[PDB]
Number of protein chains: 4
Amino acid sequence: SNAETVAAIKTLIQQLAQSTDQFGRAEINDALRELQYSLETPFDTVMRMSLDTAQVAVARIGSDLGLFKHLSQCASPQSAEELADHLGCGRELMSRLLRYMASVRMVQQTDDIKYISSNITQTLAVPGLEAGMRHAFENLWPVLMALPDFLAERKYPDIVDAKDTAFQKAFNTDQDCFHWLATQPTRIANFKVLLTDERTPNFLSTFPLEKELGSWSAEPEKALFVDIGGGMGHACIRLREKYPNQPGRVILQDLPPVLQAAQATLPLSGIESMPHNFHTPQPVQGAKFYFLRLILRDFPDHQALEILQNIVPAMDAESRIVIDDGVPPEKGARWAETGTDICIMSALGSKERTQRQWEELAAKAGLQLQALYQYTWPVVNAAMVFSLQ
Amino acid sequence: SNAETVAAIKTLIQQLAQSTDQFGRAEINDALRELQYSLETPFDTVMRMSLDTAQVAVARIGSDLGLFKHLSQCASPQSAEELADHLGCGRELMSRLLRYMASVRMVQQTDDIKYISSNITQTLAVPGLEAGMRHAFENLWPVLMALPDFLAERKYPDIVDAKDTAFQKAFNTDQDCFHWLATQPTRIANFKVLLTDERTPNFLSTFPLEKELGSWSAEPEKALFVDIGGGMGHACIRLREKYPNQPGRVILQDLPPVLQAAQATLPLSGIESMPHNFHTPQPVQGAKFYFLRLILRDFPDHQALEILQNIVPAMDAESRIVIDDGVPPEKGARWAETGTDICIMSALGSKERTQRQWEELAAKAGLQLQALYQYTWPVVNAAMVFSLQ
Amino acid sequence: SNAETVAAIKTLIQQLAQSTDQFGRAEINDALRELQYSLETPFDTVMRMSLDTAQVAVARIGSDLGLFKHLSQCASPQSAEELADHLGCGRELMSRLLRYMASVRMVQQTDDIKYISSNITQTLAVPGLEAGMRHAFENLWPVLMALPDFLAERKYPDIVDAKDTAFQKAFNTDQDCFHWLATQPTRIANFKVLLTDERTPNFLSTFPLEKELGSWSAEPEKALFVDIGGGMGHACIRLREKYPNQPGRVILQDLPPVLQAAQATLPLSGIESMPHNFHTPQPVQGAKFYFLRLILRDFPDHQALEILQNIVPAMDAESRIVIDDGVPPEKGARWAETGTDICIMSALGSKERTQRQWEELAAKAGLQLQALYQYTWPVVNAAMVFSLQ
Amino acid sequence: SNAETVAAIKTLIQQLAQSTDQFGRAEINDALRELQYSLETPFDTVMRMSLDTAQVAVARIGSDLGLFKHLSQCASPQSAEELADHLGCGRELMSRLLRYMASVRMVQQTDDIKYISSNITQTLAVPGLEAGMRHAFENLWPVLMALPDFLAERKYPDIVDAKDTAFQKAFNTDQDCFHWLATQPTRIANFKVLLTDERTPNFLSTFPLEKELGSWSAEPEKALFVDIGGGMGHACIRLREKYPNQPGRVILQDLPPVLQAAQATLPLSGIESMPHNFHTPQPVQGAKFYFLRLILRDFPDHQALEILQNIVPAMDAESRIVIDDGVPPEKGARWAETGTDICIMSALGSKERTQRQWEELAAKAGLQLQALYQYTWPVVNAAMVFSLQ
Ligand SMILES: C[S@@+](CC[C@H](N)C(=O)[O-])C[C@H]1O[C@@H](n2cnc3c(N)ncnc32)[C@H](O)[C@@H]1O
Ligand SMILES: C[S@@+](CC[C@H](N)C(=O)[O-])C[C@H]1O[C@@H](n2cnc3c(N)ncnc32)[C@H](O)[C@@H]1O
Ligand SMILES: C[S@@+](CC[C@H](N)C(=O)[O-])C[C@H]1O[C@@H](n2cnc3c(N)ncnc32)[C@H](O)[C@@H]1O
Ligand SMILES: C[S@@+](CC[C@H](N)C(=O)[O-])C[C@H]1O[C@@H](n2cnc3c(N)ncnc32)[C@H](O)[C@@H]1O
Ligand SMILES: C[C@@H]1C=C[C@@H]2CCC[C@H](C)[C@H]2[C@]12C(=O)NC=C(c1ccccc1)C2=O
Ligand SMILES: C[C@@H]1C=C[C@@H]2CCC[C@H](C)[C@H]2[C@]12C(=O)NC=C(c1ccccc1)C2=O
Ligand SMILES: C[C@@H]1C=C[C@@H]2CCC[C@H](C)[C@H]2[C@]12C(=O)NC=C(c1ccccc1)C2=O
Ligand SMILES: C[C@@H]1C=C[C@@H]2CCC[C@H](C)[C@H]2[C@]12C(=O)NC=C(c1ccccc1)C2=O
Ligand SMILES: [Cl-]
Ligand SMILES: [Cl-]
Ligand SMILES: [Cl-]
Ligand SMILES: [Cl-]
Ligand SMILES: [Cl-]
Ligand SMILES: [Cl-]
Ligand SMILES: [Cl-]
Ligand SMILES: [Cl-]
Ligand code: NA
Ligand code: NA
Ligand code: NA
Ligand code: NA
Ligand code: NA
Ligand code: NA
């Protein structure tokens with residue numbers, strides 16, 4: 001019986017998944033995707049490419065309606081009619097949207113054709129994750145839609161410049177993406193929510209802080225950690241939480257509106273908020289660690305180099321620049337790494353970098369790699385520790 | 001060993017897939033997708049929604065470049081430099097595209113970082129399947145991209161009309177999709193190729209023709225099968241192939257440009273080509289089977305009903321209208337069924353129909369359902385046989 | 001001078017023939033024949049009956065040899081020796097054949113006893129006209145040769161039946177001519193060519209189509225013209241050519257081998273090819289004109305009536321059956337009209353019909369004559385337009 | 001007006017014909033045929049070749065019925081019904097035959113659709129002319145029908161032998177025509193009637209008998225005229241009628257059954273009947289004239305030479321052989337001359353001979369041409385007078 005075989009496959013893979021850790025589950029999930037692609041028929045391939053698109057659009061609709069937030073807090077299954085009436089949606093439209101969502105696990109459909117939250121419902125109700133889905137829809141999809149014709153009309157150039165990539169066609173502007181976004185209020189607002197999502201795990205799970213510090217001393221008034229473009233300051237918060245008695249200043253640097261949004265959730269003491277544009281010379285001199293997490297991936301080499309060159313003059317011999325970012329392998333890179341690469345190429349003109357490419361970029365700033373501490377698998381994120389050459 | 005467990009899952013799923021038939025494999029693939037969604041983390045969900053989009057754009061680029069056709073005929077692994085030079089693509093752009101393609105099995109990457117075709121490479125080289133992927137990119141994506149704001153601006157109406165749906169916003173026209181496409185030569189050419197893609201399996205795998213014929217006589221000169229909107233005439237070709245000894249006219253009806261396209265590959269004898277617009281009265285009288293495959297799903301009820309009403313006056317008591325189309329269940333419909341429903345709502349104003357919904361529609365034309373012969377699983381396609389009431 | 005008077009008669013008859021049109025020339029030629037018969041001596045009459053026979057046999061020989069085609073493309077006079085050597089004929093036989101041919105204008109002999117093409121040479125080089133001469137030799141001659149003894153043996157019956165006429169004696173078969181010919185591949189090939197001979201002028205020279213159409217609507221998708229037994233479709237081609245702006249389907253109906261032959265020279269669009277045996281019910285409903293040209297003369301009344309009865313149930317009140325055929329007068333009929341009558345009696349058991357005889361036949365099928373449009377003189381060919389009674 | 005023009009042409013040609021003599025009328029008749037052929041259309045040519053055939057068959061039917069003899073003696077116009085009842089013919093068949101006959105002047109149709117004899121009716125009632133038409137039907141038409149395939153299968157030989165020509169295929173025999181006919185009683189009987197038709201004019205109209213005789217003397221018991229194969233003896237009869245007091249025996253030679261048929265109409269004295277086969281040595285020695293009229297045209301050169309070589313040994317210096325036969329011109333020969341040539345080639349293996357060819361044949365027998373006396377025009381018949389070399 002097919003039904004019996006399929007249910008047995010689900011039972012065994014669930015049991016294997018439960019018994020491993022997050023990294024093993026990620027490896028199982030990638031293997032299931034690989035199996036799906038290897039076993040699908042030719043028309044399956046076309047249907048999946050034709051339709052998987054639609055999930056982002058329907059998630060955006062559900063977010064517009066407040067559906068996921070609402071279903072996440074309901075105590076009993078809801079009919080489509082109840083949901084349509086509550087959320088202000090046409091009843092037939094609501095019913096068709098809910099059936100589609102149930103088929104892709106965005107909600108769950110009961111045996112009496114009512115609706116309850118799934119894992120994905122709960123995810124899409126979390127503000128920062130909702131904001132990620134909304135960002136994919138309004139910022140990533142237009143640049144991906146523009147890329148094929150952008151490349152064709154330009155005879156397939158190597159993209160190297162933030163002011164000359166698919167973004168400019170997609171949004172009919174000569175501005176680079178970051179400059180243009182900062183002129184668009186609703187888009188800015190969605191980004192500020194996006195910063196509230198903290199990734200797990202983080203570099204402190206494998207970073208040997210004591211070993212890296214050695215005998216370093218914080219007197220007088222030296223900084224232990226300068227978080228450059230630190231956003232809500234999650235790295236500063238976690239560092240103070242794990243090492244509450246390490247001396248040295250811990251400093252969150254970002255632009256004033258971001259530091260303003262961070263104040264609500266910062267500890268009342270132990271972390272300084274310091275407005276600072278990372279395209280300008282670094283004000284804190286001789287800090288132990290200058291930390292750049294998910295910063296330099298967003299810039300082509302020329303601009304990423306300029307960001308590093310604003311920091312290096314502030315370093316002393318004990319200073320390190322810690323780049324915490326993706327470090328895809330030389331071969332066999334996974335879909336999240338390469339898909340990121342194609343997206344940031346299209347929007348920002350930038351690229352993912354292997355270890356060798358990070359080293360080549362850093363050497364242009366007069367830095368050499370001392371240590372690399374990976375903390376996620378199988379997609380590689382690592383804290384790369386650089387010193388002056 | 002984590003790697004060892006994942007490789008054993010792959011081996012056992014591959015062997016179970018070989019242990020069954022195409023319908024069992026379709027059920028296994030749906031289960032693999034369900035498992036992926038149930039085991040992904042919240043961040044994973046957002047990453048998958050953000051990036052799976054990119055596959056369609058990158059397939060479109062590969063198609064523009066002729067990459068899939070070229071790789072599918074190579075006799076050895078090719079480097080990225082070789083492919084770039086051969087196809088006229090920037091070397092770095094080509095390398096980054098190939099790495100992305102390999103991570104989603106659109107090509108395979110070898111251990112020495114060269115590239116060979118995968119099953120998906122071969123699919124995307126086939127003109128009718130390539131044309132489906134191109135159709136998704138250029139026609140389906142824009143209407144899905146317009147849908148959330150269309151609904152928001154109109155306060156979530158029930159879409160009922162081909163002239164008032166997302167298509168009009170997507171393409172800035174007051175025409176309906178069918179009327180607009182006929183003005184756009186680029187899109188027309190791709191549709192021409194798309195019509196050459198024959199789906200498999202087809203209704204003749206389960207249709208009990210001799211049972212349905214009973215004692216019908218083709219004498220004196222009656223028509224056995226009238227393929228209304230039959231496209232390239234695949235249904236007529238397969239009927240004559242499976243039932244070479246059954247007498248009766250076999251008639252392909254379509255518009256003149258489509259008929260002229262069909263001539264190249266129609267049998268030299270045995271199948272008539274008859275120009276006929278199915279919005280006008282059916283000219284062939286007293287045929288045994290009037291066949292409508294993937295026609296009525298493209299029309300809202302009012303228009304679908306008109307197409308049926310144009311056939312009914314030609315029927316005698318033995319005639320049947322055979323609707324070959326999707327028949328999703330009352331609940332638990334699969335993602336290809338509900339995704340189709342949302343896409344055709346957005347582009348055409350139409351809908352997928354359950355068995356009860358088909359019966360209500362056909363009852364309005366004076367028809368009753370005599371039999372239903374499913375021929376695909378788990379997504380339901382079936383030949384529904386209707387008689388006069 | 002005797003010679004001078006004869007040459008002056010030739011000059012004046014030639015100038016009068018140029019002074020008039022094709023119908024006046026046909027009347028002059030009939031008068032010339034009448035004069036010949038009235039002025040010949042009794043011996044002359046016997047000599048003419050004994051020898052005029054020979055022309056058909058000698059034309060058949062010239063056709064076998066390819067003589068007419070070859071002479072028609074020669075740029076200078078040819079001697080008998082040159083032609084014999086070129087065509088592979090005995091020299092003395094060739095010389096004697098050419099002298100005979102020149103004496104009956106099948107070629108012309110020059111003053112230095114060489115040969116050039118005449119009008120008749122050119123005619124016999126044309127495949128459809130050559131095929132008519134070959135048809136006379138191989139099909140008509142044997143039935144005429146059998147007729148006197150057939151009648152004598154059967155004590156001069158009224159011939160009424162296609163299965164009981166001279167044809168059966170001539171070819172020693174109990175089949176009727178149409179059934180027997182379809183077993184004889186040599187004769188079939190010649191008939192194929194014979195169908196390519198288009199007669200001129202045709203009914204459209206005098207048929208008042210717009211008058212006969214009145215306010216008939218081709219909407220929604222009605223048929224303007226159904227050419228029943230239309231052969232190569234010449235009537236359909238000329239209709240579309242003279243009336244390029246009149247809407248309505250134009251449909252050529254014949255048997256499949258004839259339709260396949262017609263495809264080479266049919267327009268690329270505008271004329272449908274529909275296989276249809278005219279002994280079965282007419283499938284096209286409500287056409288304006290159902291056209292039968294040179295069909296019903298080949299059938300005795302019982303069978304001609306059946307062909308008409310197969311059309312009548314398809315007619316609506318505006319439909320007309322148009323019989324395009326010979327309509328000889330009540331008296332004074334010309335030799336081509338009565339000769340046709342005796343030949344088709346002998347081969348097919350059928351007959352020429354006067355206007356009153358056509359009306360009696362059509363009345364048996366429930367039809368009435370609305371109009372008659374002659375288009376040749378003095379031998380009467382006319383498009384007779386019949387409606388429902 | 002066409003009718004007025006045509007009637008004026010008939011009036012003027014009739015008046016011109018009446019005012020000339022028989023030779024001028026023959027020239028007018030040939031010119032009318034030539035005009036007909038030069039002015040006919042291509043399809044006219046085919047129709048005339050298809051149909052003029054039928055006249056011989058219908059004349060044969062009329063002869064079988066006794067129609068022409070009967071109508072020739074009726075005193076008033078007869079209806080078709082009256083004729084059918086009187087002659088034992090189906091009424092509808094009779095009516096169709098009479099309409100056909102009237103259209104080719106074989107009878108005349110009155111304005112009230114009754115029937116009276118024409119010139120041709122009277123001709124076909126004369127026994128010997130009737131027998132000529134019957135001979136054309138039963139003997140000439142089968143050999144002409146066999147000729148094209150006979151020549152094709154033998155790759156177009158020069159026909160030179162009476163035992164190897166179309167006759168043998170036509171009648172499935174290895175006999176020569178004369179030998180075969182003498183075994184067929186009805187055919188023999190028709191030939192004996194054929195001999196009763198006397199041609200006009202004859203050679204005595206221009207033969208200068210007195211000049212050719214000079215001083216020749218009939219004593220003792222010498223013959224003036226020996227008519228070899230003389231048939232009914234018309235030449236002997238006319239010679240005695242024109243020169244009743246020329247001395248010398250006048251001797252009719254033929255085979256016994258022909259001499260028997262001649263007795264009824266020979267003068268009771270002055271002409272001897274002498275059985276003699278002209279393939280055997282001539283018994284009458286030293287006659288003045290040995291006369292061969294329409295004999296040698298029926299034999300190929302070898303046999304014609306043998307006939308002459310049986311006569312020459314009987315000649316003295318004053319003897320002449322007089323060949324009275326066709327003498328076609330070197331060029332421009334008329335249809336009756338060349339058609340005769342093709343017919344006797346096909347039946348007898350023989351040929352028409354020009355003056356030069358007669359001289360070459362006669363020289364092989366040791367004869368030289370002394371004088372040639374033509375007596376018909378434009379088709380040449382002449383008495384050619386030969387002496388010993
Ligand atoms: C991708 S978010 C990374 C946040 C943080 N490093 C983390 O991982 O938790 C990029 C951050 O860079 C900040 N940023 C952008 N442009 C900046 C600039 N010119 N100077 C300083 N910060 C900037 C943004 O405000 C945002 O907080
Ligand atoms: C989705 S394709 C279906 C083809 C075919 N039934 C099959 O399954 O193989 C839709 C077909 O309808 C035809 N079509 C569209 N409008 C039509 C009309 N008004 N009359 C007749 N055919 C039409 C198209 O030309 C096309 O061939
Ligand atoms: C004399 S041809 C006439 C052609 C045509 N009507 C014209 O005038 O140009 C007779 C035609 O009848 C067709 N025919 C003979 N039997 C037929 C049948 N049973 N059904 C349909 N066509 C038939 C022949 O194939 C042929 O093309
Ligand atoms: C064409 S008819 C010519 C008659 C005659 N010379 C005339 O013109 O009035 C040929 C004649 O030759 C005769 N004939 C045929 N064979 C013969 C033979 N072997 N010997 C003698 N006469 C023969 C026939 O009987 C017939 O009368
Ligand atoms: C922060 C963003 C983090 C998550 C996204 C997931 C999918 C790939 C994409 C690539 C990243 C992300 C990233 O890695 N960097 C920059 C942008 C970005 C894209 C368009 C406009 C502005 C920013 C991103 O979408
Ligand atoms: C079979 C059509 C082709 C394949 C699509 C697969 C995914 C859903 C989508 C819905 C179908 C399809 C369909 O089912 N009907 C009509 C259209 C269509 C869409 C836009 C313009 C023109 C036609 C389609 O894309
Ligand atoms: C138009 C046909 C062809 C031309 C002929 C001209 C002379 C009279 C004759 C009578 C017609 C014709 C005709 O009119 N009808 C049918 C036949 C026919 C005869 C034998 C076998 C098959 C067909 C014909 O020869
Ligand atoms: C006497 C014959 C005289 C008249 C015929 C007129 C047509 C030409 C044909 C040629 C002649 C004729 C002739 O000239 N000679 C011999 C035969 C003949 C033919 C077949 C069998 C037997 C005799 C004839 O038909
Ligand atoms: Cl492969
Ligand atoms: Cl079968
Ligand atoms: Cl039809
Ligand atoms: Cl459902
Ligand atoms: Cl010419
Ligand atoms: Cl027109
Ligand atoms: Cl039809
Ligand atoms: Cl008549
Ligand atoms: Na429930
Ligand atoms: Na159910
Ligand atoms: Na479902
Ligand atoms: Na009349
Ligand atoms: Na007449
Ligand atoms: Na009369």
Side-chain angles (χ1 to χ4, degrees), chain C residues 1-13 31-52 103-104, chain D residues 7-37 105 118-124 126 128-129 132 197-212 234-235 237-239 241-243 293-294 322 324-329 331-340 352 355 371-385:
Chain C
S1 160
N2 257 22
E4 189 186 322
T5 297
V6 159
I9 292 165
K10 290 189 204 178
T11 296
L12 292 191
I13 294 301
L32 293 173
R33 178 178 299 224
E34 207 207 16
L35 281 163
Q36 280 167 259
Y37 293 166
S38 85
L39 298 165
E40 63 189 10
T41 64
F43 187 65
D44 282 346
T45 297
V46 179
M47 283 297 265
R48 160 179 75 73
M49 296 188 181
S50 294
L51 299 181
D52 281 2
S103 80
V104 299
Chain D
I9 290 169
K10 294 188 189 172
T11 296
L12 290 190
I13 291 170
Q14 291 285 3
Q15 176 73 11
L16 291 171
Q18 281 165 37
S19 310
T20 189
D21 67 0
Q22 63 175 310
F23 310 124
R25 273 185 291 284
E27 288 184 83
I28 290 176
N29 209 276
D30 288 339
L32 299 170
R33 179 186 290 241
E34 293 170 25
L35 284 167
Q36 177 192 154
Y37 295 164
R105 206 194 176 77
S118 68
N119 57 315
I120 289 173
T121 311
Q122 297 286 347
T123 291
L124 293 174
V126 178
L129 294 167
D197 181 44
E198 179 179 6
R199 283 157 70 125
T200 54
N202 70 67
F203 78 111
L204 294 159
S205 62
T206 67
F207 196 82
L209 179 74
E210 310 97 300
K211 174 194 152 230
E212 283 285 337
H234 299 137
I237 292 171
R238 299 302 185 186
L239 171 66
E241 168 185 48
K242 184 169 211 254
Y243 298 97
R293 182 166 68 195
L294 295 178
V322 180
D324 180 331
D325 217 305
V327 190
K331 69 191 187 191
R334 312 291 183 122
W335 64 270
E337 303 176 292
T338 56
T340 291
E352 295 263 34
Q355 191 188 316
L372 184 153
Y373 306 108
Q374 182 167 358
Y375 63 91
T376 64
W377 299 261
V379 167
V380 188
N381 290 273
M384 289 168 284
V385 182

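A note on names: the letters A, B, ... follow the listed sequences, proteins ahead of strands, and every chain is numbered from 1.
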Close side-chain approach of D44(C) to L39(C), heavy-atom, < 4.5 Å: no

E4(C) atom CD: more than 12 heavy-atom contacts under 6.0 Å: no

Side-chain donor/acceptor of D324(D) to backbone N/O of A383(D), under 3.5 Å: no

Closest non-hydrogen atom pair, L294(D) against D325(D): CA-OD2, 3.5 Å

Nearest heavy-atom neighbours spanning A26(D) and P378(D): CB-CD, 3.6 Å

Cation-pi, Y37(C) ring and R48(C) (6.0 angstrom, 45 degrees): yes

Min side-chain heavy-atom separation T41(C)-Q22(D) under 4.5 Å: no

Side-chain (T45(C)) to main-chain (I120(D)) donor-acceptor, under 3.5 angstrom: no

Charged N-O contact under 4.0 Å between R33(D) and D52(C): yes

All side-chain contact (heavy atoms from CB on, under 4.5 Å) counterparts of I237(D), not counting sequence neighbours: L266(D), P267(D), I271(D)

Verdict with supporting geometry, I9(D) and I13(C), side-chain contact (heavy atoms from CB on, under 4.5 Å): CA-CA 8 Å; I9(D) 290 169; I13(C) 294 301; 3.8 Å; yes

Over all atoms of both residues, closest heavy-atom pair of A382(D) and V327(D): CB-CG2, 4.1 Å

Nearest atoms (heavy-atom pairs only) where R238(D) meets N202(D): CG-ND2, 4.0 Å

Flag for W335(D)-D30(D): side-chain donor and acceptor within less than 3.5 Å: yes

Under 3.5 Å: donor-acceptor pair, side chain of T121(D), backbone of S118(D): yes

Donor-acceptor under 3.5 Å (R105(D) side chain, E34(C) main chain): no

Heavy-atom side-chain contact between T340(D) and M47(C) under 4.5 Å: yes

Heavy-atom pair of closest approach, residues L129(D) and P42(C): CD1-CB, 3.7 Å

Side-chain donor or acceptor of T206(D) paired with backbone N/O of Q374(D) under 3.5 Å: yes

Between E27(D) and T5(C), a side-chain donor and acceptor under 3.5 Å: no

For the student: nearest non-hydrogen atoms of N119(D) and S38(C), plus distance: ND2-O, 3.8 Å

